[PDB]
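query_10.tsv (TSV, C-alpha atoms and all ligand atoms) appears below.
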chain	number	residue	atom	x	y	z
A	1	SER	CA	81.40	98.15	76.55
A	2	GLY	CA	83.49	98.34	79.72
A	3	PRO	CA	85.70	101.18	81.04
A	4	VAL	CA	88.67	102.58	79.09
A	5	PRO	CA	92.04	101.48	80.61
A	6	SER	CA	94.59	103.79	82.21
A	7	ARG	CA	98.27	103.84	83.15
A	8	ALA	CA	100.34	106.06	85.52
A	9	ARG	CA	102.14	108.91	83.67
A	10	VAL	CA	105.28	108.26	85.76
A	11	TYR	CA	106.95	105.33	87.48
A	12	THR	CA	104.66	103.10	85.38
A	13	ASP	CA	106.90	99.99	85.24
A	14	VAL	CA	109.28	100.22	88.15
A	15	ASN	CA	107.89	97.14	89.87
A	16	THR	CA	108.24	95.03	86.68
A	17	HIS	CA	112.00	95.73	86.65
A	18	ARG	CA	112.43	94.47	90.18
A	19	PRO	CA	112.96	90.96	91.52
A	20	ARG	CA	109.58	89.38	92.15
A	21	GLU	CA	110.35	89.32	95.88
A	22	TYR	CA	110.14	93.12	96.12
A	23	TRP	CA	106.37	93.26	95.36
A	24	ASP	CA	105.18	89.61	95.78
A	25	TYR	CA	104.32	90.13	99.43
A	26	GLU	CA	102.09	87.00	99.71
A	27	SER	CA	105.36	84.98	99.76
A	28	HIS	CA	107.26	87.18	102.28
A	29	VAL	CA	108.52	85.22	105.33
A	30	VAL	CA	108.22	87.02	108.66
A	31	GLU	CA	110.36	86.40	111.71
A	32	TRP	CA	108.27	87.35	114.85
A	33	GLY	CA	109.96	88.85	117.91
A	34	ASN	CA	108.88	88.69	121.56
A	35	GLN	CA	106.57	91.50	122.85
A	36	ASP	CA	108.04	90.92	126.33
A	37	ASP	CA	111.03	93.00	125.03
A	38	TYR	CA	108.62	95.98	125.47
A	39	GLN	CA	106.63	97.41	128.39
A	40	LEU	CA	103.68	99.56	127.32
A	41	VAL	CA	103.60	103.02	128.94
A	42	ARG	CA	100.35	104.61	127.70
A	43	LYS	CA	97.71	104.50	124.99
A	44	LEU	CA	98.57	107.11	122.35
A	45	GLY	CA	95.70	106.66	119.95
A	46	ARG	CA	94.58	104.63	116.94
A	47	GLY	CA	95.43	103.83	113.34
A	48	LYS	CA	92.78	102.89	110.71
A	49	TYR	CA	92.73	99.34	112.13
A	50	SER	CA	95.00	99.23	115.20
A	51	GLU	CA	95.63	100.58	118.69
A	52	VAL	CA	98.80	102.58	119.27
A	53	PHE	CA	100.88	102.68	122.50
A	54	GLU	CA	104.02	104.44	123.74
A	55	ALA	CA	106.48	101.76	124.93
A	56	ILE	CA	109.99	101.23	126.25
A	57	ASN	CA	112.45	98.72	124.82
A	58	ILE	CA	113.96	97.37	128.07
A	59	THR	CA	117.13	95.93	126.43
A	60	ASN	CA	118.38	99.43	125.57
A	61	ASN	CA	116.05	101.89	127.40
A	62	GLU	CA	114.85	103.31	124.06
A	63	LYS	CA	111.44	105.03	123.66
A	64	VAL	CA	109.36	103.40	120.90
A	65	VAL	CA	105.78	103.23	119.51
A	66	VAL	CA	103.81	99.92	119.47
A	67	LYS	CA	100.95	99.46	116.99
A	68	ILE	CA	98.87	96.43	117.89
A	69	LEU	CA	97.03	95.17	114.86
A	70	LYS	CA	93.39	94.37	114.80
A	71	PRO	CA	92.55	91.04	113.26
A	72	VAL	CA	92.92	91.46	109.52
A	73	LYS	CA	93.83	88.98	106.73
A	74	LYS	CA	97.29	87.56	107.02
A	75	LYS	CA	98.40	88.80	103.56
A	76	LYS	CA	97.45	92.43	104.44
A	77	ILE	CA	99.86	92.23	107.44
A	78	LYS	CA	102.56	90.89	105.04
A	79	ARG	CA	101.82	93.74	102.65
A	80	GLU	CA	102.41	96.47	105.31
A	81	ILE	CA	105.61	94.95	106.68
A	82	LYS	CA	107.03	94.47	103.16
A	83	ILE	CA	106.12	98.05	102.17
A	84	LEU	CA	107.70	99.41	105.43
A	85	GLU	CA	110.83	97.34	104.82
A	86	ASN	CA	111.11	98.43	101.18
A	87	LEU	CA	110.66	102.11	102.16
A	88	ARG	CA	112.84	102.19	105.28
A	89	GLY	CA	115.35	105.11	105.53
A	90	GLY	CA	113.61	107.10	102.75
A	91	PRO	CA	112.83	110.81	103.24
A	92	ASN	CA	110.09	111.44	105.82
A	93	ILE	CA	109.01	107.73	106.05
A	94	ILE	CA	108.22	106.35	109.55
A	95	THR	CA	110.84	103.76	110.55
A	96	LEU	CA	109.88	100.22	111.36
A	97	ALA	CA	112.19	98.95	114.12
A	98	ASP	CA	110.75	95.54	114.98
A	99	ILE	CA	107.87	93.03	114.55
A	100	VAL	CA	106.48	91.00	117.50
A	101	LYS	CA	103.65	88.96	118.87
A	102	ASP	CA	102.25	88.94	122.39
A	103	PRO	CA	103.41	85.43	123.37
A	104	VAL	CA	100.18	84.74	125.25
A	105	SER	CA	97.56	86.05	122.73
A	106	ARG	CA	99.43	85.37	119.44
A	107	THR	CA	98.40	88.96	118.43
A	108	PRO	CA	100.72	90.77	115.87
A	109	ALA	CA	102.19	94.27	116.41
A	110	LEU	CA	104.64	96.55	114.64
A	111	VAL	CA	107.26	98.62	116.55
A	112	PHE	CA	108.26	102.05	115.18
A	113	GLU	CA	110.96	104.39	116.39
A	114	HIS	CA	109.40	107.14	118.56
A	115	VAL	CA	108.60	110.44	116.98
A	116	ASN	CA	106.81	113.13	119.03
A	117	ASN	CA	104.19	115.38	117.53
A	118	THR	CA	101.63	118.13	117.96
A	119	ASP	CA	98.06	117.04	117.02
A	120	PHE	CA	96.78	118.58	113.70
A	121	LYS	CA	93.49	119.72	115.46
A	122	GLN	CA	95.76	122.07	117.55
A	123	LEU	CA	98.46	122.76	114.90
A	124	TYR	CA	96.71	123.86	111.73
A	125	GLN	CA	95.28	127.00	113.40
A	126	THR	CA	98.80	128.21	114.31
A	127	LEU	CA	100.43	127.82	110.87
A	128	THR	CA	101.90	130.66	108.92
A	129	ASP	CA	101.79	130.96	105.16
A	130	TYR	CA	105.46	129.94	105.12
A	131	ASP	CA	104.87	126.99	107.43
A	132	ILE	CA	102.24	125.54	105.05
A	133	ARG	CA	104.64	125.76	102.10
A	134	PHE	CA	107.39	124.19	104.22
A	135	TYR	CA	105.42	121.19	105.40
A	136	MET	CA	103.65	120.63	102.05
A	137	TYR	CA	107.12	120.53	100.59
A	138	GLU	CA	108.18	117.88	103.14
A	139	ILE	CA	105.08	115.80	102.51
A	140	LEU	CA	105.80	115.91	98.72
A	141	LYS	CA	109.26	114.47	99.37
A	142	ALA	CA	107.64	111.47	101.09
A	143	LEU	CA	105.13	110.99	98.23
A	144	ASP	CA	107.64	111.27	95.37
A	145	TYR	CA	109.93	108.83	97.18
A	146	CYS	CA	107.18	106.19	97.72
A	147	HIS	CA	105.77	106.69	94.21
A	148	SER	CA	109.29	106.33	92.80
A	149	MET	CA	109.55	103.07	94.72
A	150	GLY	CA	106.43	101.52	93.23
A	151	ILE	CA	104.02	102.29	96.09
A	152	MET	CA	100.82	104.23	96.49
A	153	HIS	CA	99.94	105.29	100.13
A	154	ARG	CA	96.20	105.47	99.55
A	155	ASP	CA	95.38	107.00	102.98
A	156	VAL	CA	96.92	110.52	102.87
A	157	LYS	CA	95.22	112.82	105.50
A	158	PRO	CA	96.20	115.08	108.47
A	159	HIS	CA	96.10	112.24	110.98
A	160	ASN	CA	98.77	110.38	108.93
A	161	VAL	CA	101.29	113.15	108.90
A	162	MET	CA	103.12	113.48	112.20
A	163	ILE	CA	104.76	116.87	112.61
A	164	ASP	CA	107.44	117.67	115.17
A	165	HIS	CA	106.93	121.41	114.99
A	166	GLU	CA	109.67	122.14	117.51
A	167	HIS	CA	112.27	120.52	115.21
A	168	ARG	CA	110.58	121.26	111.87
A	169	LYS	CA	110.37	117.50	110.93
A	170	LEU	CA	107.50	115.31	109.65
A	171	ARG	CA	106.73	111.56	109.07
A	172	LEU	CA	104.17	109.86	106.86
A	173	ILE	CA	102.61	107.05	108.91
A	174	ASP	CA	99.99	104.26	108.70
A	175	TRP	CA	100.92	102.23	105.64
A	176	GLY	CA	98.26	99.57	106.20
A	177	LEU	CA	96.27	100.60	103.09
A	178	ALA	CA	99.25	101.15	100.78
A	179	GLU	CA	99.66	98.95	97.62
A	180	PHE	CA	102.21	98.19	94.85
A	181	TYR	CA	101.40	99.93	91.54
A	182	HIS	CA	101.26	97.55	88.47
A	183	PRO	CA	100.01	98.72	85.03
A	184	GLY	CA	96.55	97.27	84.27
A	185	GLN	CA	95.76	96.20	87.87
A	186	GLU	CA	92.23	96.87	89.10
A	187	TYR	CA	92.34	97.98	92.74
A	188	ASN	CA	89.76	98.04	95.48
A	189	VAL	CA	88.07	101.50	95.61
A	190	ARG	CA	87.16	101.07	99.34
A	191	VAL	CA	90.31	102.75	100.58
A	192	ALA	CA	91.32	106.24	101.88
A	193	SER	CA	89.05	108.18	104.36
A	194	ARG	CA	85.90	109.82	103.12
A	195	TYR	CA	86.89	113.54	102.93
A	196	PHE	CA	90.13	112.67	101.14
A	197	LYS	CA	88.74	110.18	98.59
A	198	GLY	CA	89.43	110.91	94.89
A	199	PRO	CA	86.57	111.04	92.37
A	200	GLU	CA	88.03	107.73	90.98
A	201	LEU	CA	87.10	105.94	94.21
A	202	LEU	CA	83.71	107.67	94.40
A	203	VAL	CA	82.60	106.64	90.87
A	204	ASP	CA	84.03	103.11	91.12
A	205	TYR	CA	86.93	103.48	88.61
A	206	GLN	CA	89.24	100.63	89.63
A	207	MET	CA	92.32	101.28	87.37
A	208	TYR	CA	93.86	104.14	89.35
A	209	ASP	CA	97.40	105.00	90.41
A	210	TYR	CA	99.79	107.22	92.37
A	211	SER	CA	97.71	110.22	91.43
A	212	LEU	CA	95.14	109.22	94.04
A	213	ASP	CA	97.51	110.44	96.76
A	214	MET	CA	97.73	113.85	95.01
A	215	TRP	CA	93.97	114.40	95.19
A	216	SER	CA	94.25	113.68	98.97
A	217	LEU	CA	97.11	116.15	99.23
A	218	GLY	CA	95.02	118.81	97.50
A	219	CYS	CA	92.12	118.24	100.01
A	220	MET	CA	94.60	118.83	102.78
A	221	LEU	CA	96.09	121.93	101.09
A	222	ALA	CA	92.58	123.34	100.73
A	223	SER	CA	91.76	122.87	104.43
A	224	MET	CA	95.05	124.62	105.44
A	225	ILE	CA	94.77	127.75	103.25
A	226	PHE	CA	91.02	128.26	103.63
A	227	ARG	CA	91.17	127.42	107.41
A	228	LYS	CA	88.34	124.90	106.95
A	229	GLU	CA	89.02	121.34	108.28
A	230	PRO	CA	88.04	119.22	106.39
A	231	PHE	CA	87.42	121.07	103.14
A	232	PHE	CA	84.96	118.65	101.45
A	233	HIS	CA	82.67	117.47	104.32
A	234	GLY	CA	80.39	114.74	102.92
A	235	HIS	CA	78.11	112.54	105.06
A	236	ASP	CA	78.80	109.39	102.96
A	237	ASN	CA	80.44	108.39	99.68
A	238	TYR	CA	77.67	109.67	97.42
A	239	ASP	CA	77.40	113.05	99.19
A	240	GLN	CA	81.18	113.33	99.17
A	241	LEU	CA	80.96	113.61	95.33
A	242	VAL	CA	77.95	116.03	95.44
A	243	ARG	CA	80.08	118.33	97.53
A	244	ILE	CA	83.03	118.23	95.08
A	245	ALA	CA	80.70	118.74	92.15
A	246	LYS	CA	79.47	122.05	93.61
A	247	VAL	CA	83.00	123.41	93.62
A	248	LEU	CA	84.60	121.91	90.47
A	249	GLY	CA	81.30	121.77	88.57
A	250	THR	CA	79.44	119.00	86.85
A	251	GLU	CA	80.69	119.66	83.27
A	252	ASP	CA	84.21	118.37	83.81
A	253	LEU	CA	82.82	115.52	85.94
A	254	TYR	CA	80.66	114.26	83.08
A	255	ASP	CA	83.51	114.80	80.57
A	256	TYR	CA	85.57	112.69	82.98
A	257	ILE	CA	82.94	109.93	83.00
A	258	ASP	CA	82.59	110.01	79.21
A	259	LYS	CA	86.37	109.82	78.62
A	260	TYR	CA	86.83	106.66	80.60
A	261	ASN	CA	83.41	105.16	79.71
A	262	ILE	CA	82.54	104.90	83.40
A	263	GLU	CA	79.18	103.29	84.33
A	264	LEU	CA	77.70	105.66	86.94
A	265	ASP	CA	75.70	104.09	89.76
A	266	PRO	CA	72.01	105.00	89.03
A	267	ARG	CA	71.90	106.46	92.61
A	268	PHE	CA	73.84	109.52	91.37
A	269	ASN	CA	71.19	110.57	88.79
A	270	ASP	CA	69.12	112.94	90.92
A	271	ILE	CA	71.57	114.10	93.58
A	272	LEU	CA	74.33	115.47	91.29
A	273	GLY	CA	72.24	117.95	89.32
A	274	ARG	CA	73.96	120.73	87.40
A	275	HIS	CA	76.62	123.00	88.89
A	276	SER	CA	79.04	125.60	87.56
A	277	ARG	CA	82.73	125.51	88.38
A	278	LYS	CA	83.42	128.07	91.09
A	279	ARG	CA	86.21	130.65	91.38
A	280	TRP	CA	88.45	130.03	94.45
A	281	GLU	CA	87.96	133.63	95.60
A	282	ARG	CA	84.53	132.54	96.93
A	283	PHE	CA	86.30	130.86	99.93
A	284	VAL	CA	88.59	133.72	100.77
A	285	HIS	CA	87.74	135.79	103.88
A	286	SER	CA	89.32	138.01	106.56
A	287	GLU	CA	90.37	135.07	108.78
A	288	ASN	CA	92.22	133.15	106.00
A	289	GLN	CA	93.35	135.70	103.36
A	290	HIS	CA	96.86	135.92	104.85
A	291	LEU	CA	97.34	132.26	103.66
A	292	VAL	CA	95.79	132.67	100.20
A	293	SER	CA	97.90	133.96	97.34
A	294	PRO	CA	97.76	133.73	93.54
A	295	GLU	CA	100.55	131.10	93.87
A	296	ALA	CA	98.59	129.01	96.34
A	297	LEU	CA	95.47	128.88	94.18
A	298	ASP	CA	97.32	127.97	90.94
A	299	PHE	CA	99.03	125.03	92.74
A	300	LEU	CA	95.75	123.96	94.36
A	301	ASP	CA	93.79	124.02	91.17
A	302	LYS	CA	96.42	121.67	89.56
A	303	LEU	CA	95.89	119.03	92.28
A	304	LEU	CA	92.07	118.94	92.51
A	305	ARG	CA	91.11	117.64	89.04
A	306	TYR	CA	88.60	114.91	88.37
A	307	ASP	CA	90.78	113.39	85.61
A	308	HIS	CA	93.42	111.60	87.58
A	309	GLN	CA	95.88	111.66	84.60
A	310	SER	CA	95.80	115.41	84.46
A	311	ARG	CA	96.90	116.15	88.11
A	312	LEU	CA	100.46	117.20	89.00
A	313	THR	CA	102.80	114.39	89.92
A	314	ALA	CA	104.58	114.78	93.19
A	315	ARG	CA	107.84	115.81	91.36
A	316	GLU	CA	106.01	118.45	89.22
A	317	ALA	CA	104.34	119.74	92.39
A	318	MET	CA	107.79	120.31	93.88
A	319	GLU	CA	108.82	122.51	90.93
A	320	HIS	CA	105.83	124.87	91.42
A	321	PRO	CA	106.42	128.69	92.08
A	322	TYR	CA	104.56	128.28	95.43
A	323	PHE	CA	107.68	126.48	96.70
A	324	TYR	CA	110.44	128.84	95.32
A	325	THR	CA	111.27	130.46	98.66
A	326	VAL	CA	111.37	127.17	100.62
A	327	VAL	CA	113.64	125.68	97.88
A	328	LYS	CA	116.00	128.73	98.21
A	329	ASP	CA	115.98	128.54	102.05
A	330	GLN	CA	116.85	124.79	102.01
A	331	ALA	CA	119.81	124.34	99.78
A	332	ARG	CA	121.09	126.51	101.45
B	401	LIG	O1	103.69	106.94	115.86
B	401	LIG	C1	102.51	106.64	115.46
B	401	LIG	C2	102.35	105.68	114.32
B	401	LIG	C3	103.49	105.11	113.70
B	401	LIG	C4	103.29	104.24	112.60
B	401	LIG	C5	101.95	103.93	112.23
B	401	LIG	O2	101.65	103.10	111.21
B	401	LIG	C6	100.84	104.45	112.90
B	401	LIG	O3	99.55	104.15	112.47
B	401	LIG	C7	101.04	105.33	113.93
B	401	LIG	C8	99.84	105.90	114.61
B	401	LIG	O4	98.65	105.59	114.28
B	401	LIG	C9	100.02	106.85	115.72
B	401	LIG	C10	98.89	107.36	116.35
B	401	LIG	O5	97.67	106.97	115.87
B	401	LIG	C11	99.00	108.23	117.43
B	401	LIG	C12	100.28	108.60	117.87
B	401	LIG	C13	101.40	108.08	117.23
B	401	LIG	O6	102.64	108.40	117.67
B	401	LIG	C14	101.29	107.20	116.15

Starting from the file, give its structure as structure tokens.
Amino acid sequence: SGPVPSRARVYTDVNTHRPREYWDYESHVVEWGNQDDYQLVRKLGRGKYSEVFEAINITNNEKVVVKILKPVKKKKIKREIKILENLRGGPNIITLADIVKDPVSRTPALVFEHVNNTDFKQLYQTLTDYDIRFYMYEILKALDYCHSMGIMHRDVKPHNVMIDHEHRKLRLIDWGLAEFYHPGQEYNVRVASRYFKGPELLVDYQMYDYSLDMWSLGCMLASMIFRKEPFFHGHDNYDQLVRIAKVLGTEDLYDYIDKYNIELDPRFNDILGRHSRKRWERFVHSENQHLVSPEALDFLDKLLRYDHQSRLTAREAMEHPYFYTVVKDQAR
């Protein structure tokens, strides 16, 4: 037989209750602006499939960000604009300000309001125990909002979280892999970035949901508290799952496979072996122990589960004891 089906435990049917227009992005009609409204200042970096520049809107002297898109299918560009439009103004979501083409090259680009940050490569090292709870909290607000709106991000990782540490603000960026959740849909598993891929993607289970983003969050949490970036460091997709199996063990992994009747690629037979599930204390040492607490480990353990159904939802994650003091500090 084939694989056993699966549904999200929350927000299962929110797209069904919307007008078709909200999620039927193939039919979205885009009005394209003129890129001559913007003068590029400097190259800032790259998205998953784009080049990103600092620019100035000359009509109002406003600082913006210009993301010039690499040639991708026309419906994927529609998908990202529609998702950005649907999510605009929500907590911690990057704000799309305009859409343009370079009049000469025809090439499409998205214009975001400017947000300044400190690179994660520099930042993580400086973070206090409190700071990790704080920003994790802020991330979880962006995830619960997008999940509640019918949308999985599908590329959660440190590069995609811009933190203005000076002002204690954060934005979730790069929505070019995000999709609408619909019960029963079978999604492409070639998404996310290797170290942050859920076991669902690695074993080729196509009927996944919001809970994918929560695995990615847990990978991030693990790198921050153990001071090890990235936490699961595989060389390719297969070895990514060997490295998880040596932490979480092989017993739950095979129970996982049995439950959903997943056909394992024969290539996994000899490399996976047989591994016990390890106690988190193994990763604690003198450089990181100030960030590790019984509260941190309980939370972490409830994110990193093979069985996607059994991971915390964003909203549950926000009710965890690990966040009690940030909740108290906030409101107010
Ligand atoms: O603001 C974005 C930004 C805003 C929205 C995006 O979708 C995005 O990919 C980026 C982005 O990749 C980026 C970057 O790679 C380097 C510096 C940045 O300021 C950004």

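Where the distance criterion is 6 Å and the atoms used are only C-alpha atoms and all ligand atoms, the residues close to ligand LIG 401 (chain B) are residues 44, 45, 46, 47, 52, 65, 112, 173, 174 and 175 of chain A.
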
Residues just named, written with C-alpha atoms as a PDB file, in the frame of the given file:
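Once written, out.pdb looks like this:
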ATOM      1  CA  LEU A  44      98.570 107.110 122.350  1.00  0.00           C
ATOM      2  CA  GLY A  45      95.700 106.660 119.950  1.00  0.00           C
ATOM      3  CA  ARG A  46      94.580 104.630 116.940  1.00  0.00           C
ATOM      4  CA  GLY A  47      95.430 103.830 113.340  1.00  0.00           C
ATOM      5  CA  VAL A  52      98.800 102.580 119.270  1.00  0.00           C
ATOM      6  CA  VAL A  65     105.780 103.230 119.510  1.00  0.00           C
ATOM      7  CA  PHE A 112     108.260 102.050 115.180  1.00  0.00           C
ATOM      8  CA  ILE A 173     102.610 107.050 108.910  1.00  0.00           C
ATOM      9  CA  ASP A 174      99.990 104.260 108.700  1.00  0.00           C
ATOM     10  CA  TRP A 175     100.920 102.230 105.640  1.00  0.00           C
TER      11      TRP A 175
END

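Coordinates place CA of residue 258 in chain A at a distance of 9.5 Å from CA of residue 3 in chain A.
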
Checklist line | Residue list as a ChimeraX atom specification for point (100.6, 99.8, 81.6), cut-off 10 Å, all atoms listed in the file | finding: /A:5-9,12-13,181-185

re CA of residue 255 in chain A and CA of residue 294 in chain A: distance 27.0 Å

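Across the structure, CA of residue 192 in chain A and CA of residue 29 in chain A are spaced 27.4 Å apart.
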
_Spatial neighbours of range 138-155 of chain A, max dist 9 Å, all atoms listed in the file, sep filter under 3 positions, as a VMD selection string_ = chain A and resid 10 to 15 23 83 86 to 87 90 to 93 133 to 135 160 to 161 169 to 172 174 to 182 191 to 193 196 to 197 209 to 214 216 to 217 313 to 315 317 to 318

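Closest approach to residue 303 in chain A among A:243, A:281, A:198, A:274: A:198, based on all atoms listed in the file.
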
Leaving out residue 72 in chain A and any residue of its chain fewer than 6 positions from it, which residues lie within 12 Å of it when counting only C-alpha atoms, given as number ranges by chain?
A: 48-50, 78-80, 107-109, 176-177

Self-check item: Protein/DNA/RNA residues near (94.4, 126.2, 105.2), cut 10 Å, all atoms listed in the file, as an MDAnalysis selection string
Solution: chainID A and resid 124:125 127:129 132 219:231 288:289 291:292

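Distance check against residue 203 in chain A using all atoms listed in the file: of A:98, A:239, A:265, A:31, the minimum falls on A:265.
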
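The residue set within 10 Å of range 56-63 of chain A, counting all atoms listed in the file and dropping same-chain residues fewer than 2 places from it, reads residues 35, 36, 37, 38, 39, 40, 41, 53, 54, 65, 66, 111, 112, 113, 114 and 115 of chain A.
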
Residue neighbourhood residue 166 in chain A, 10 Å, only C-alpha atoms, exclusion window fewer than 4 positions, as a ChimeraX atom specification:
/A:116-118

With C-alpha atoms retained, could you export that selection as a CSV table (one decimal), in the coordinates of the input?
chain,number,residue,atom,x,y,z
A,116,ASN,CA,106.8,113.1,119.0
A,117,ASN,CA,104.2,115.4,117.5
A,118,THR,CA,101.6,118.1,118.0

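Using only C-alpha atoms, the shortest contact distance between residue 163 in chain A and any of A:121, A:290, A:194, A:328 is found at A:121.
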